[PDB]
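Colleague:
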RNA sequence: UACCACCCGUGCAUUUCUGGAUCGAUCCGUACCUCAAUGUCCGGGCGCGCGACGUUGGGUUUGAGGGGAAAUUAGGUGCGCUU
DNA sequence: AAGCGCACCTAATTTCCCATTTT
DNA sequence: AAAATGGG
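Residue numbers (my numbering): 2 to 1077.
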């Protein structure tokens, strides 16, 4: 019928097509997706929003410093407070002495011969503490022999009674449960009669003839109340004193409780500390972030010591906890009085860290155990002048470095034990791994320098035997363990303080530039005192001293460093400079001049150490020597002095540092006083340079490299000063069910009259409607026909408002909350939710039950612009805050893919396809579909791949989000494969690897598309694939069988394997040959 | 299947309701973010001020995509200096 | 070609996005 | 509506 160009698999329909392929899935999950609704605010309303209280609350919830919840949470874990899921659970733990679990259980195991460790007295006083709940398939809460036996077996042994379960276990509960079922009418009644229930089980055990101690007696002792009411925490462990690293200490405290930690993997360790740290579903955090936060903040230290029965010894470890409690500010936003509603994302953050840190501890253990002792460097190499030059240390300091690395592998093995809870100072083990990583970085750097120098010396020596023989005798191989040591995982959060940041970078830029000019004058003063010259042309007799391991190179090295500065300047500057050089006519080709100056390609000077094969740019020598190149730099700088454009200002600062440094590159070969190389600015110094620096005298290279630190901090500050726009995004999620305000429109509605002739819910409602207004209409439907309300409300004129606790419009509305009957018209306050019909159809489907709204996230985004003045001082300006609701939604699929397959080739301009019958594996149709989004991505990212010096400026200058542009292009290619799949009722067959001939931006796209159809081991790929196919993870073809295992094919729902059309027919051939 | 015609970037204007309910009709849903398309501005390139060169070249969908948020780690790229 | 110092851009890890019932 | 926590 219609051709493929006319076929429409898009929008709500592609989501129905996929909902259906998903229902064909062998295995799969339920997915969510967020829909963002901007809240409508007038400019008056947006101006009236105060973001200061929102900033205070977000910094307490998300900050990892003082006054935050990470600091109250960590200091609870470090004071000796174990966390428990309920309060009941904590009271039983605080009564472990009374129970005598071990003793009782051992006696039962011996007397009965049953050997049932799970039957301890404590697990029984529990089942009579907690009643079960009719989870809604619904459970039942009535006390029956069947009910109680199942509930008691689940609590004690952790599983429901099944046929597989040994009969002895089943009978033991049945007989007990039978006694309990006879004696107690209800779980409610049994829970009240704790002592009586224990007596009953004691009688059951005595009837069976066991001489075990009285549980009833235990119950009387256990029946006193633990003072802090409903506490989910119990003090027990000794306190970890003065841990600067808060999270790393909490992980160690928790891991200390685990036994045989080394056998465990990252997943297992993560799950056992996640349970002890945040507790399952952060149920403990409810109390600590609610009534617990009040207790610690508002109880005499003496009564927090009495109520948890803490020894006087730990008082100094508890004194800090109360300060950390008291420091978190009052919760004043989203109508919330305390922090408990914010627990779900606090848990997610900590649990994320715990999982990532536990994997990193387990990695460092494997790395530390592969460091093989005995690596040594040949004595020859340690005495080849050439291959030990430029490492800032002698051969007797590289020997000592390799010895230092082996000693630090032993200290690192003990630091890891201390971090996995085995014992020690945690803060002196973080330091060990730092000092270990630093030593191993210095060794890896030094050996990369020496191996590079070696392969350069070999090539240059060439055929000369004396050179080659002495070189090959210095040969060494870098050991596999000599690598960057992976760091310990950190944790941070809170808002960037914009006004403070700007103050800091303005202060820093002015101070560093002052200190750089000051030092250069001090160096020039000292060289003047001894009467010598900073002759930059003579100092390139150094080109000679390195060459052994002249004038042409001296003048080419001053014109290549001057030239490379212009390459990083504006087109104004690039022209002013370029013309002057063309007048001189130094270059054989002026094409090469502008190629170098404008296209940033090639060079007019190469260092001898450079392994590059491309010859420097040809020049006429006479012109080069005739003209002073340092003179040009003064002239260009002078032209760009008074421009007052920020782009020209930045060139002025770059060329200033180029002039200062080409003068310092001309210093005579001497020994300098070592205070002419000591930096007063804050910068990282490599440890080789810093041990070279802590001496009486330094070489010219040390003087020069320490001065380049001035320039590297200035160039850094420039990236932060030249930021033009950014936003402060604050996200808040409570643990409360999403409530939407359904506001009927204040307009006359003429209900369609065909609605009366229908047997549906809309029919039922349309029949009973007599009133004019849609607010009065919905009241009339509610009162007369209440089952049909929902369907009538979806059609009746309405708006959607949200009560962010920020004010808004007073509206007459009915609250629409999940698993609740719609509210009665109350007067309410809310901000209208902006959105097209496609988004609002998802809110209307919720009234019927076709969709479920989840707990939402409110996002306050505050926009900012930044500008630099004449003095290059940055200024920031904040716009009106935008508020939005990010609503996670779940949606039901209403109740083809196997009988054909389509091979898809991703090519340069679009895709090709070839469809075969899955039954007969024959060719039925082929075609090519140009995608214009591929051509647009290669056109708008051309100057990010061919102008390398300008990739940190391509986004702000060209107003692009390359991530978003790649997201749109993956959007548009997946759309076209999904459209072809839908049009021919075919499952997609893709090649496994994106070719390496393709542009870097297209390779990225073509690999975010192969990973939504083909299977990938990487979790990120599987997560993306499943969310794309609406929870569908695995599919199984009914009749197609793999050659490899003679198993039915697994699809996802694709299978890994004109030019694009030709290629797809070949991908399809490859797939067929891999099936029976 | 008729249609359309140098290419790219930047800025400006314009378009972009794309979802439901009932039996084409009636009613509900006000339309966010991004990509695009349409015209215009200036700059660059190519050919002969002007541009498709039988023809390809392109387009055809109800234009298309929209799962957020937070922390983390690792890698890559750039600039400068030294050997 | 390497090394270092300072930047920015990208890709992957891990977690959250309860419900039930009492008070 | 807020607090506590069951049921995996």
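We treat Cβ as the ideally placed atom computed from N, Cα and C, and that holds for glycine.
Could you tell me the alpha carbon to alpha carbon distance between residue 761 and residue 1034, rounded to whole angstroms?
Modeller: Looking up residue 761 in the first chain gives position 760. Looking up residue 1034 in the first chain gives position 1033. Whole-angstrom Cα-Cα distance: 36 Å.
Colleague: Nearest CA to the CA of residue 997: which residue from 907, 477 and 192?
Modeller: By one-based count along the first chain, residue 997 stands at place 996. The shortest C-alpha separation from residue 997 is found at 907.
Colleague: Per DSSP, which residues does residue 834 bridge with? Please list them.
Modeller: In the first chain, the residue the question calls residue 834 occupies position 833. The partner list for residue 834 (beta bridge, DSSP) reads 40.
Colleague: Straight-line CA distance for residue 1069 to residue 902?
Modeller: As a working note, residue 1069 is residue 1068 in the first chain. As a working note, residue 902 is residue 901 in the first chain. Roughly 8 Å separates the two Cα atoms.
Colleague: Rounded C-beta distance between residue 991 and residue 1011? I'm assuming under 8 Å.
Modeller: What you label residue 991 is simply residue 990 of the first chain in a count that begins at 1. What you label residue 1011 is simply residue 1010 of the first chain in a count that begins at 1. With a Cβ gap of about 5 Å, residue 991 and residue 1011 count as contacting.
Colleague: Looking at residue 10: is its Cβ nearer than 7 Å to the Cβ of residue 983?
Modeller: Counting from one through the first chain, the residue named residue 10 turns up at place 9. Counting from one through the first chain, the residue named residue 983 turns up at place 982. In contact: residue 10 and residue 983 (Cβ atoms closer than 7 Å).
Colleague: Which partner residues does residue 891 have in the DSSP bridge list?
Modeller: For the purposes of this step, residue 891 is identified with residue 890 of the first chain, where counting begins at 1. DSSP lists 853 as partners of residue 891.
Colleague: Can you give me the C-alpha to C-alpha distance between residue 1059 and residue 913, rounded to a whole angstrom?
Modeller: Sequence index remark: in the first chain, residue 1059 carries index 1058 (1-based). Sequence index remark: in the first chain, residue 913 carries index 912 (1-based). Cα to Cα, the separation comes out at about 8 Å.
Colleague: What does a CB cutoff of less than 8 Å around residue 835 pick up in its chain, not counting 5 residues either side in sequence?
Modeller: Residue mapping note: residue 835 aligns to position 834 of the first chain, counting from 1. Answer for residue 835: 38, 39, 40 and 41, listed in chain order.
Colleague: Can the beta-carbon of residue 433 be found less than 7 Å from the beta-carbon of residue 425?
Modeller: Taking the first chain and counting its residues from 1, one reaches residue 433 at position 432. Taking the first chain and counting its residues from 1, one reaches residue 425 at position 424. Their beta carbons are not under 7 Å apart, which means residue 433 does not touch residue 425 by this criterion.
Colleague: Just checking residue 849 against the ligand GDP - is the residue's beta carbon closer than 6 Å to any of the ligand's heavy atoms?
Modeller: Looking at this structure, you won't find the ligand GDP or any other ligand, since it has none at all.
Colleague: Quick one: grab the DSSP three-state call for residue 929.
Modeller: Start at 1 with the first residue of the first chain, and residue 929 comes out as number 928. Residue 929: strand per DSSP, three-state reduction.
Colleague: Measuring straight from C-alpha to C-alpha, what distance separates residue 1016 and residue 915?
Modeller: Indexing the first chain from 1 puts residue 1016 at position 1015. Indexing the first chain from 1 puts residue 915 at position 914. So the alpha carbons of these two residues sit roughly 21 Å apart.
Colleague: Where does the unbroken alpha helix (DSSP H) through residue 345 begin, and where does it stop?
Modeller: Residue mapping note: residue 345 aligns to position 344 of the first chain, counting from 1. Counting along the chain, the alpha helix (DSSP H) containing residue 345 begins and ends at 344-369.
Colleague: What residue does the beta strand (DSSP E) around residue 1051 start on, and which one ends it?
Modeller: The residue you call residue 1051 lines up with position 1050 of the first chain. Residues 1049-1052.
Colleague: Whole angstroms is fine: what's the gap from residue 129's alpha carbon to residue 192's?
Modeller: For the purposes of this step, residue 129 is identified with residue 128 of the first chain, where counting begins at 1. For the purposes of this step, residue 192 is identified with residue 191 of the first chain, where counting begins at 1. Each residue's Cα considered, the two are about 5 Å apart.
Colleague: Between residue 678 and residue 698, is the Cβ-Cβ spacing less than 7 Å?
Modeller: As a position in the first chain, residue 678 is number 677, starting the count at 1. As a position in the first chain, residue 698 is number 697, starting the count at 1. No, the pair does not count as a contact, with Cβ atoms beyond the cut-off.
Colleague: Mind checking whether residue 388 and residue 451 have CB atoms under 7 Å apart?
Modeller: Residue mapping note: residue 388 aligns to position 387 of the first chain, counting from 1. Residue mapping note: residue 451 aligns to position 450 of the first chain, counting from 1. Yes.
Colleague: DSSP state of residue 953, grouped into three classes?
Modeller: Position 952 of the first chain, counting from 1, holds the residue named residue 953. Residue 953: coil per DSSP, three-state reduction.
Colleague: List the endpoints of the continuous alpha helix (DSSP H) containing residue 325.
Modeller: Position 324 of the first chain, counted from the first residue, corresponds to residue 325. Counting along the chain, the alpha helix (DSSP H) containing residue 325 begins and ends at 316-328.
Colleague: What are the uninterrupted segments assigned as alpha helix (DSSP H) that are 4 or more residues long and contained completely in the segment 390-453, given in chain order?
Modeller: Correct list: 396-420.
Colleague: Can you list, in chain order, the residues of its chain whose CB lies under 8 Å from that of residue 249, leaving out five sequence neighbours each side?
Modeller: As a first step, residue 249 is located in the first chain; it is residue number 248 there, counting from the start. Excluding sequence neighbours, residue 249 sits near 358, 420, 427, 431 and 489.
Colleague: Pull up the distance between the alpha-carbon of residue 328 and that of residue 448, whole angstroms please.
Modeller: Mapped onto the first chain, residue 328 falls at position 327. Mapped onto the first chain, residue 448 falls at position 447. Rounded to whole angstroms, residue 328 to residue 448 spans 50 Å at the Cα level.
Colleague: Please confirm whether residue 809 and residue 831 have their CB atoms less than 7 Å apart.
Modeller: The residue given as residue 809 occupies position 808 in the first chain. The residue given as residue 831 occupies position 830 in the first chain. In contact: residue 809 and residue 831 (Cβ atoms closer than 7 Å).
Colleague: Can you tell me where the alpha helix (DSSP H) holding residue 664 begins and where it ends?
Modeller: Locating residue 664 in the first chain gives position 663, counting from the first residue. That run of the alpha helix (DSSP H) goes 647-665.
Colleague: Taking Cβ positions, are residue 161 and residue 148 nearer each other than 7 Å?
Modeller: Counting from one through the first chain, the residue named residue 161 turns up at place 160. Counting from one through the first chain, the residue named residue 148 turns up at place 147. No; because the gap between Cβ atoms is not below 7 Å, this pair is not in contact.
Colleague: Residues bridged to residue 976 by DSSP?
Modeller: Within the first chain, the letter at position 975 stands for residue 976. DSSP lists no partner for residue 976.
Colleague: According to the neighbour-count rule (16 or more other Cβ atoms, all chains shown, within 10 Å of its Cβ), is residue 270 buried or exposed?
Modeller: Sequence index remark: in the first chain, residue 270 carries index 269 (1-based). That one is buried.
Colleague: Are there 16 or more other CB atoms within 10 angstroms of the CB of residue 51, so buried, or fewer, so exposed?
Modeller: Here the question's residue 51 lines up with position 50 in the first chain. Under this definition residue 51 is an exposed residue.
Colleague: For the segment 843-861 against the segment 728-747, do three or more pairs of beta-carbon atoms, one drawn from each stretch, fall closer than 8 Å, so that the two count as touching?
Modeller: Taking 8 Å as the limit for Cβ pairs, the verdict is that the segment 728-747 does touch the segment 843-861.
Colleague: List, from N- to C-terminal side, the alpha helix (DSSP H) runs of 4 residues or more that fit wholly inside the segment 82-133.
Modeller: Complete alpha helix (DSSP H) runs here, min 4: 88-95, 97-100, 102-113 and 122-128.
Colleague: For residue 988 and residue 282, I'd like the C-alpha separation in whole angstroms.
Modeller: Translated into positions along the first chain, residue 988 becomes position 987. Translated into positions along the first chain, residue 282 becomes position 281. Near 39 Å, if we compare the C-alpha coordinates of residue 282 and residue 988.
Colleague: Exposed or buried, residue 642, counting other C-beta atoms within 10 Å across all chains shown (16 or more means buried)?
Modeller: Numbered from 1 along the first chain, position 641 holds the residue referred to as residue 642. Counting Cβ neighbours within 10 Å, residue 642 comes out exposed, since fewer than 16 surround it.
Colleague: Which first and last residues belong to the beta strand (DSSP E) in which residue 618 is found?
Modeller: Along the first chain, one-based indexing puts residue 618 at 617. Residue 618 -> no beta strand (DSSP E), and no H or E assigned at all.
Colleague: Label residue 154 either buried or exposed according to how many other C-beta atoms from any shown protein chain fall within 10 Å of its C-beta, with 16 as the threshold for buried.
Modeller: The count along the first chain starts at 1 and reaches residue 154 at position 153. Buried, because 16 or more other Cβ atoms sit within 10 Å of the Cβ of residue 154.
Colleague: At the level of alpha carbons, what is the spacing between residue 302 and residue 322?
Modeller: Counting from 1 along the first chain, the entry for residue 302 is found at position 301. Counting from 1 along the first chain, the entry for residue 322 is found at position 321. Those two C-alpha atoms are separated by around 10 Å.
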